[PDB]
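Structure, as structure tokens:
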Amino acid sequence: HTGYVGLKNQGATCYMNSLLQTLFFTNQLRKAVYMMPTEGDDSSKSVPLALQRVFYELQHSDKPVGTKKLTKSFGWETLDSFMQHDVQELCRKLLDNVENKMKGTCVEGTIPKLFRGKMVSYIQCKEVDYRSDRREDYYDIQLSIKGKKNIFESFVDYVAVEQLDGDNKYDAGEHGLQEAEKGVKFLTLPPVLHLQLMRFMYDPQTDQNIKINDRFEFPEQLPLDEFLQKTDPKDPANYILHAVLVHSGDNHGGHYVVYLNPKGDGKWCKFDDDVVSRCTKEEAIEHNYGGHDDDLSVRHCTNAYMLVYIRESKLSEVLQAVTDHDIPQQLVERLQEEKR
Amino acid sequence: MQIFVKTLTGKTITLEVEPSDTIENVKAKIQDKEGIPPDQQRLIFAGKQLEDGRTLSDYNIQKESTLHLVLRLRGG
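Residue numbers (this note's numbering), protein chains in the order written: chain E, 4 to 343; chain V, 253 to 328.
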């Protein structure tokens with residue numbers, strides 16, 4: 004009786020339902036999705052309309068919500084598609100599509116406003132006075148966890164330099180090939196931070212794709228100011244944990260659930276397809292750290308693979324109220340006629 | 253122009269390419285340099301898997317861009 008409805012288990016879509024709940028509870032995104040001008044869209048083919056439909060139903064249905072029209076619209080109607088692409092690839096596919104649909108509309112730019120950060124990728128030559136700084140956008144951060152205790156250590160790893168030498172010297176223009184270091188620096192962190200935790204890796208000694216079930220700690224409140232090039236005293240890069248996407252299994256399948264505190268108040272719920280239940284903070288956070296390798300139960304293979312954080316100064320905008328008045332009447336009427 | 257590729261072990265390699273190179277040509281160049289069979293290679297840029305028959309120019313991949321080699325089975 005949480006007031007949050009679930010999604011049907013309609014096949015082998017792995018992380019999909021977890022991602023859909025996470026995006027639905029990104030309220031500012033949900034509101035913008037409702038404003039997309041989809042009146043000309045073919046239902047079979049339109050990802051924008053299909054997301055409007057799923058969100059509308061998550062907002063209004065008292066029964067579990069189906070996704071078959073959604074998977075049809077983006078063309079992943081087989082397990083193989085979800086096995087070959089990861090959760091952030093699906094996220095990027097969905098977000099790129101709705102971003103394009105919002106161009107020229109009243110909600111243009113919602114996706115980059117919410118999710119896009121700025122970094123500099125730099126190459127510094129070690130023995131000539133030459134540095135190339137290139138600005139890059141990012142929409143998520145892939146964190147390495149093997150050998151890392153916690154998010155801090157993973158961020159340190161992320162910004163560690165790579166050596167360009169040997170057969171990988173840097174092309175420094177008039178200087179020719181040069182020994183160099185390559186790294187990234189964070190200029191901004193976005194309001195909504197998607198951190199993907201690399202829970203599978205290639206083991207170089209065995210040529211195998213292995214599961215990492217190790218303990219990897221993440222906090223409910225995450226300070227990141229020290230990873231920025233310049234901080235703002237009025238807007239520290241303090242992040243609040245919003246969602247924990249969890250996988251149980253040592254292979255690329257099994258059971259997927261998401262833990263959310265939709266309001267950002269630390270009151271957590273577990274979203275397990277059609278069953279949404281209140282849970283403790285430990286069930287959402289510490290129980291998903293990993294590190295139960297001696298344990299012969301499913302606990303050994305249950306851990307987080309993606310985290311969503313929201314910047315504290317942006318919480319009220321990101322999680323702004325969404326009302327029925329935010330859904331255009333024409334859209335409601337279209338979706339209601341389809342349910343028949 | 254020179255681009256970078258991060259391999260599955262985290263090593264960054266350089267590659268000499270042209271904007272007109274198809275992605276499968278890039279995979280051939282990765283095989284030439286690193287020995288990785290193209291059939292094992294999956295490349296990501298800007299958060300999406302690159303299509304073998306499209307070009308670096310099609311993806312706006314410019315000098316000093318970094319591509320990522322990723323596992324064939326990475327989802328669920």
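No residue lacks a Cβ here, since even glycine has one placed at the ideal position from N, Cα and C.
Thinking residue i and residue j are a contact (beta carbons under 8 Å), I'd like their distance in whole angstroms, please.
| i | j | result |
| --- | --- | --- |
| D140(E) | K121(E) | 6 Å |
| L263(E) | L200(E) | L263(E) to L200(E), Cβ: 17 Å. No contact. |
| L227(E) | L192(E) | 6 Å |
| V164(E) | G186(E) | 4 Å |
| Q254(V) | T266(V) | 5 Å |
| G327(V) | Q87(E) | 6 Å |
| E316(V) | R137(E) | 6 Å |
| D238(E) | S316(E) | 5 Å |
| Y133(E) | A175(E) | 5 Å |
| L323(V) | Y308(E) | Between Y308(E) and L323(V) the Cβ distance is about 13 Å, and since that is not below 8 Å, they are no contact. |
Give the residues of chain V in contact with residue i, contact being defined as C-beta atoms less than 8 Å apart.
| i | result |
| --- | --- |
| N103(E) | Ordered by position in chain V, no residue passes the 8 Å Cβ test against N103(E), which lies about 14 Å from the chain. |
| residue 1(E) | Residue 1(E) lies beyond the stretch modelled for chain E, which goes from 4 to 343, so this question has no answer here. |
| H250(E) | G328 |
| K185(E) | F256, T264 |
| residue 1(E) | For chain E, the structure presents residues 4 to 343; residue 1(E) sits outside this window and is missing. |
Around the Cβ of residue i, are there at least 16 other Cβ atoms within 10 angstroms (buried) or fewer (exposed)?
| i | result |
| --- | --- |
| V36(E) | buried |
| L310(E) | buried |
| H4(E) | exposed |
| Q339(E) | exposed |
| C272(E) | buried |
| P51(E) | buried |
| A287(E) | buried |
| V57(E) | buried |
| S157(E) | buried |
| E92(E) | buried |
| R343(E) | exposed |
| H328(E) | exposed |
| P194(E) | buried |
| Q24(E) | buried |
| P236(E) | exposed |
| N100(E) | buried |
| residue 419(E) | Since the first residue shown for chain E is 4 and the last is 343, residue 419(E) is missing from the structure and cannot be characterised. |
Give me the Cα-Cα distance between residue i and residue j, rounded to the nearest whole angstrom.
| i | j | result |
| --- | --- | --- |
| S251(E) | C94(E) | 20 Å |
| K152(E) | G293(E) | 11 Å |
| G78(E) | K300(V) | 15 Å |
| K71(E) | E336(E) | 20 Å |
| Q55(E) | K75(E) | 14 Å |
| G9(E) | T29(E) | 16 Å |
| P67(E) | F85(E) | 21 Å |
| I213(E) | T307(V) | 32 Å |
| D168(E) | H245(E) | 41 Å |
| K11(E) | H290(E) | 25 Å |
| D253(E) | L325(V) | 13 Å |
| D143(E) | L196(E) | 6 Å |
| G69(E) | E286(V) | 46 Å |
| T234(E) | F189(E) | 11 Å |
| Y7(E) | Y161(E) | 36 Å |
| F230(E) | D65(E) | 43 Å |
What is the residue span of the beta strand (DSSP E) that residue i lies within?
| i | result |
| --- | --- |
| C272(E) | 272 to 275 |
| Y312(E) | 305 to 314 |
| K214(E) | 211 to 214 |
| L263(E) | 258 to 263 |
| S251(E) | 241 to 251 |
| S47(E) | From DSSP, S47(E) is part of no beta strand (DSSP E); its letter is neither H nor E. |
| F297(V) | 295 to 297 |
| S135(E) | 134 to 141 |
| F189(E) | 183 to 189 |
| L198(E) | 195 to 201 |
| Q145(E) | 144 to 147 |
Which chain E residues are close to residue i, counting only those with a beta carbon under 8 Å from its beta carbon?
| i | result |
| --- | --- |
| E316(V) | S124, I126, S135, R137 |
Name the two residues that bound the continuous alpha helix (DSSP H) containing residue i.
| i | result |
| --- | --- |
| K116(E) | 113 to 118 |
| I275(V) | 275 to 286 |
| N100(E) | 90 to 105 |
| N30(E) | 30 to 37 |
| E303(V) | Neither: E303(V) is in no alpha helix (DSSP H) and is coded neither H nor E. |
| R218(E) | Unbroken run through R218(E): none, as it is neither H nor E. |
| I265(V) | Per DSSP, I265(V) belongs to no alpha helix (DSSP H); it is in the beta strand (DSSP E), 264 to 268. |
| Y161(E) | 154 to 161 |
| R337(E) | 332 to 341 |
| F27(E) | 19 to 27 |
At a CB-CB cut-off below 7 Å, which residues of chain E make contact with residue i?
| i | result |
| --- | --- |
| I265(V) | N171 |
| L260(V) | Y205 |
| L323(V) | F203, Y205, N212 |
So with CB distances below 7 Å, who are the chain V contacts of residue i?
| i | result |
| --- | --- |
| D89(E) | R326, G327 |
| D174(E) | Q254 |
| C17(E) | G327, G328 |
| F85(E) | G327, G328 |
| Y142(E) | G299 |
Given that residue i touches chain V, what residues does it touch there, using C-beta distances under 9 Å?
| i | result |
| --- | --- |
| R95(E) | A298, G299, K300 |
| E165(E) | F256, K258, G262, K263, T264 |
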